[PDB]
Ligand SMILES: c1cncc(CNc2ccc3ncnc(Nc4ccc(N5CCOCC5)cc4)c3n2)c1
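A single chain, nothing else alongside it, follows as structure tokens in the form deposited without the ligand.
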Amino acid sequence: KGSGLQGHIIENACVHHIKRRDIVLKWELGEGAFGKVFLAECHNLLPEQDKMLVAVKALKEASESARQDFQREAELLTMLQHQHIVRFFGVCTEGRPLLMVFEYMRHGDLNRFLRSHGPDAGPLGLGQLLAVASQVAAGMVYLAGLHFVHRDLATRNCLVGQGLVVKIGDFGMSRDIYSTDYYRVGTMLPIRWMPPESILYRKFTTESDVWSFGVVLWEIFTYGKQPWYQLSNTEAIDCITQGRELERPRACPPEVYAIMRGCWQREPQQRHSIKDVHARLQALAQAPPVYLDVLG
């Protein structure tokens, strides 16, 4: 198992328990090899809300090892509390399937949102793209502050709620729903988002997270296009290990492309810290550069 949650547990809460009958399953949001994700109504969870919408992750396996891993993940999810981290509400361990309850983010994953609010399928403007980038960076600042390495930072692993609120978080099904974004070697790795040291040594750090954040900026400013989309997985590995960089997207002002390039320094020690990246994006989101994508 290679989730960022398990990776943090290995390197390092009173979990709230929700009664099964308080959860009313409404629709299936997705499914993977591990189980299913549902849209549900949850009673007795938030004070002024009787039928609040939640997203419910259901685990197919209920063995002793999966049950102990589930408990440790739930203790860690309970501890993660930030305005730009998806809210975790608790568990239901009344037999099979084990359930994890999260807030429901009505606009779905950020990749799906960017593609549905993009030009080739109105379009999000420069100020909205900068606000999305700044919120993702805020969530990454919080995780770096806890020495938490994400390991799979990408727009598919961010969620969008009402009022353009963007949060980091996923229901653990990206390797199934977005299998095209991963490549097997031995273990499914998101190679298009990884720096050279992670593809070569399979080592993930706060520095490889900053590189992936640079790739997130590129996804944002292309409205959700796949990095290196013209190339196969093996050709993408060669580009990255040879030191080739993604081209500046047309909607991307040179000022944001300079931030992307600072994330993509070949030497991990030469990359910008996420705190510096966040401060630069926050400044641009409050005062957008006068850039007209039509004029290049």
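Note that residue numbering begins at 1 and tracks the sequence as displayed. Take the two forms, find the largest set of C-alpha atoms that superpose within 1.5 Å, and that set is the rigid core.
Peer 1: Does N12, which is modelled here, drop out in at least a third of the other compared PDB entries?
Peer 2: Yes: coordinates for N12 absent from at least a third of the compared entries.
Peer 1: Does a third or more of the other compared entries skip modelling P268?
Peer 2: Across the compared entries, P268 is modelled every time.
Peer 1: Indicate whether the chain is continuous between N12 and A13 or, if not, how many deposited residues are absent from the coordinates: none, 1 to 3, 4 to 9, or 10 or more.
Peer 2: Gap between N12 and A13: 4 to 9 unmodelled residues.
Peer 1: Can you say how many deposited residues have no coordinates in the span between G186 and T187, choosing none, 1 to 3, 4 to 9, or 10 or more?
Peer 2: Unresolved stretch here: 1 to 3 residues.
Peer 1: Is the mean CA B factor in the deposited entry higher across 210-218 or across 191-199?
Peer 2: Going by the record's values, the stretch with the higher mean is 191-199.
Peer 1: When the C-alpha temperature factors are averaged for each of 176-184 and 146-154, which stretch ends up with the higher value in the entry?
Peer 2: Stretch with the higher mean C-alpha B-factor: 176-184.
Peer 1: Among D170, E103, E94, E75, single out the one with the highest C-alpha B factor in the record, please.
Peer 2: That would be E94.
Peer 1: Of the three thirds of its chain by CA temperature factor, lowest, middle or highest, which one includes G7?
Peer 2: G7: CA B-factor falls in the middle third of its chain.
Peer 1: Compare the C-alpha B factor of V24 with those of the other modelled residues in its chain, then answer lowest, middle or highest third.
Peer 2: Lowest third - that is where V24 ends up once the chain's C-alpha B-factors are sorted.
Peer 1: Test of reading the entry: by CA B factor among the chain's modelled residues, which third contains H84?
Peer 2: Ranked within chain, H84 CA B lands in the lowest tercile.
Peer 1: What third of its chain's C-alpha B-factors does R261 belong to: lowest, middle or highest?
Peer 2: Its C-alpha B-factor, which the entry lists for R261, ranks in the middle third among residues of this chain.
Peer 1: Could you say whether, by C-alpha temperature factor, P47 belongs to the lowest, middle or highest third of its chain?
Peer 2: Answer is highest: the recorded C-alpha B-factor places it there.
Just so you know, the form deposited with the ligand bound exists too; it's not on screen, but the next bit is about it.
Peer 1: Tell me which stretch of 130-138, 193-201, 216-224, 105-113 has a heavy atom within 4.5 angstroms of the ligand in the deposited bound form.
Peer 2: Result for this chain: 105-113.
Peer 1: So the ligand isn't shown here. In the deposited bound form, which residue out of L98, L189, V86, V210 has a non-hydrogen atom within 4.5 Å of it?
Peer 2: Exactly one residue meets the criterion: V86.
Peer 1: Check each of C42, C263, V37, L246 and return the one that places a heavy atom within 4.5 angstroms of the ligand in the deposited bound form.
Peer 2: Only one option qualifies, and that one is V37.
Peer 1: Is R271 part of the interface with the ligand in the deposited bound form - any heavy atom within 4.5 Å?
Peer 2: No, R271 sits far enough from the ligand in the deposited bound form that none of its heavy atoms falls within 4.5 Å.
Peer 1: Does at least one non-hydrogen atom of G169 fall within 4.5 angstroms of the ligand in the deposited bound form?
Peer 2: Flag for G169 set to yes.
Peer 1: Report yes if any heavy atom of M52 sits within 4.5 Å of a heavy atom of the ligand in the deposited bound form; otherwise report no.
Peer 2: No - in the deposited bound form, heavy atoms of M52 and the ligand never come within 4.5 Å of each other.
Peer 1: Contact between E255 and the ligand in the deposited bound form at 4.5 Å, heavy atoms?
Peer 2: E255 lies outside the contact set for the ligand.
Peer 1: Hey, which residues along 195-232 are within 4.5 angstroms of the ligand in the deposited bound form, non-hydrogen atoms only?
Peer 2: Residues within 4.5 Å: none in this stretch.
Peer 1: Superposing on the rigid core, is the Cα displacement of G35 between the shown form and the other one 2 Å or more?
Peer 2: After core superposition, the C-alpha of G35 moves 2 Å or more between the shown form and the other one.
Peer 1: Superposing on the rigid core, do we see a C-alpha displacement of 2 Å or more at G163 between the shown form and the other one?
Peer 2: Shift at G163: below 2 Å after core fit.
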